[PDB]
């Protein structure tokens, strides 16, 4: 399949009905409020269609036509994807109030926060496994011709089995060409993926630490690249450097990234360095 920008539809709502399942509100049960969203609250709950745990996003009452549209676009987009490492959309509630988007529940939440709360708690093979899952989800999106544009650990969700899934459908996470000529491509997402690799091996540390955006920009311009995180295998940091190649054409593709990570998993000694 191929990704279809919902906003190319003469009527954006059409994309919603096509790629998103309409769920009767009587099936949704909001239990608790997790966090805050751009258009409303982010909650957890159960969905009974075997009851299952689900993440639930609500649209703040008094919403404008555009706010509703932009909110639901997340579902018109997510609904076109079907991959183990891309957040699963259960459906949406639009024929009732409040409007909602229901997605699979991820117990461990956001990857950056998860890692910070579990600093140094995982084996190298487990962390590599997380990075593998993310690259796989991204390879799939890139294959669908979907450029994420905001790939970062805060935008990756983690389940109880440590499976990592791409979500969220930033300067220090963005490629130079993307910042200068606003040229966003999968190669641009690869640079971002490299930063994610750093976040993961650094257990949620902030990229470039206290550096300002301008400093980061200048640093990169001066051919500066983030050093290897503490106890981070050399092969992994090398992969990071490959993702941060000035020339976007020189950066590896997600398919090649997954292969490199898989070879490391198959040959654990390669991570000894």
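Positions refer to the first chain, counted from 1.
Q: None, 1 to 3, 4 to 9, or 10 or more: how many residues of the deposited sequence lack coordinates between residue 105 and residue 106?
A: Nothing is missing between them.
Q: Are any deposited residues left out of the model between residue 49 and residue 50, and how many (none, 1 to 3, 4 to 9, 10 or more)?
A: Going from residue 49 to residue 50, the model skips 1 to 3 residues of the deposited sequence.
Q: Got a sec? Mean C-alpha B-factor, which is higher, 257-265 or 21-29?
A: According to the PDB entry, the answer is 21-29.
Q: May I ask you to compare 95-103 and 130-138 by their mean CA B factor in the entry and name the higher one?
A: On average, C-alpha B-factors are higher across 95-103.
Q: Checking the record values for 89, 178, 200, 166, which has the greatest CA B factor?
A: Highest CA B-factor of the listed options: 178.
Q: What third of its chain, lowest, middle or highest, does the C-alpha temperature factor of residue 173 fall into?
A: For residue 173, whose C-alpha B-factor we compare with every modelled residue in the chain, the answer is the middle third.
Q: What third of the chain, by the recorded C-alpha B-factor, contains residue 219?
A: Highest third, going by the recorded CA B-factors of the chain.
Q: Test of reading the entry: by CA B factor among the chain's modelled residues, which third contains residue 240?
A: Residue 240: CA B-factor falls in the middle third of its chain.
Q: Sort the modelled residues of this chain by their C-alpha B factor and say whether residue 55 lands in the lowest, middle or highest third.
A: Tercile = lowest for this residue's CA B-factor.
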